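The authors' numbering applies: residue 8 is where the sequence shown begins, and numbers increase by one.
In this text, a Cβ means the ideal position worked out from N, Cα and C, and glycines have one as well.
One structure is given here, and the rest of the page talks about it.
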Amino acid sequence: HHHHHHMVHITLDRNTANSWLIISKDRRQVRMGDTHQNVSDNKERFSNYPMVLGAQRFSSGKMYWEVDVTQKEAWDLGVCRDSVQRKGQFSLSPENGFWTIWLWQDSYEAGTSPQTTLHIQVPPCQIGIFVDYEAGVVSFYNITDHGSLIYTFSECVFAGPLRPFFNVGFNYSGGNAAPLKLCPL
Ligand SMILES: O=C(CN1CCCC1=O)Nc1nccs1
Ligand SMILES: O=C(CN1CCCC1=O)Nc1nccs1
């Protein structure tokens, strides 16, 4: 792809984080802590899952960023509406305001309803995410495999400002402690 020149500097919004997450000083990395991280509750925090938003909001244009997923067993990545539900249980779907892919139990899937199987021959260590607001497109690229396409959501109905979306996943296995990292431009 030739989307690299729309690169944007994403940082994580601490106030949206689940209370067990640890965000680095530079706001470019996030991992699951082994306990509550001693923050106050607020209406922005994702309560049920290890999720956090980017601080940036997008309502126009083309945007691109990259995320490092090295050595993780489970994660979700993409974009979501600013107005997505934060509390309680929900599914990741465009009807609920999410345009995402994930890794879970050694398979990759797109967050459609129901979920869609992805076909990835080279397990990615870094994911590229491209949003074209006007076109209604969210695309995912395998940086480890020469930028090969993973998935495209089209005819998207964003219906509001978009935020970068992250889920570091639970660590029940002891094998999913590694962080998500926003990669340098
Ligand atoms: O999105 C905005 C402002 N907007 C709209 C168009 C571009 C821009 O910068 N403000 C919000 N405040 C709280 C929720 S969204
Ligand atoms: O779901 C959509 C479009 N829609 C319908 C409801 C909200 C929204 O964004 N596009 C897809 N592209 C690939 C698989 S689903």
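First and last residue of the uninterrupted beta strand (DSSP E) at residue i
i             : result
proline 171   : 169-174
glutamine 36  : 36-39
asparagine 49 : No beta strand (DSSP E) holds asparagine 49; DSSP gives it neither H nor E.
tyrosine 158  : 155-160
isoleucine 29 : 28-30
residue 195   : Any property of residue 195 remains undetermined from this structure, which presents the chain solely from 8 to 192.
Beta-carbon proximity check, residue i vs residue j, cutoff 9 Å
i                 : j              : result
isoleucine 29     : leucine 189    : no
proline 168       : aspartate 83   : no
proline 171       : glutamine 63   : yes
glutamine 44      : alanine 185    : no
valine 37         : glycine 85     : no
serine 54         : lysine 94      : yes
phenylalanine 160 : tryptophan 106 : yes
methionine 39     : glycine 181    : no
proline 131       : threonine 151  : yes
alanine 166       : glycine 104    : yes
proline 101       : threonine 123  : no
Identity of the residues DSSP links to residue i by a beta bridge
i                 : result
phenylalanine 177 : None; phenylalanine 177 has no bridge partner.
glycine 85        : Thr107, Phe172
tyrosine 115      : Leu110
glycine 61        : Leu19
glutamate 73      : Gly135
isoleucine 127    : Note: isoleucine 127 sits in no beta bridge, so no partner.
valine 144        : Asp139
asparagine 149    : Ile134, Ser155
8 Å contact criterion, which residue i and residue j should meet: CB distance rounded
i              : j              : result
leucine 60     : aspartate 20   : 5 Å
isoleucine 108 : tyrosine 158   : 6 Å
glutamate 80   : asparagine 183 : 4 Å
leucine 187    : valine 46      : Actually they are not in contact, since the Cβ atoms of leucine 187 and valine 46 sit about 19 Å apart, beyond 8 Å.
For the 8 Å Cβ check, are there 3 or more pairs between the region 69-79 and the region 127-144?
yes
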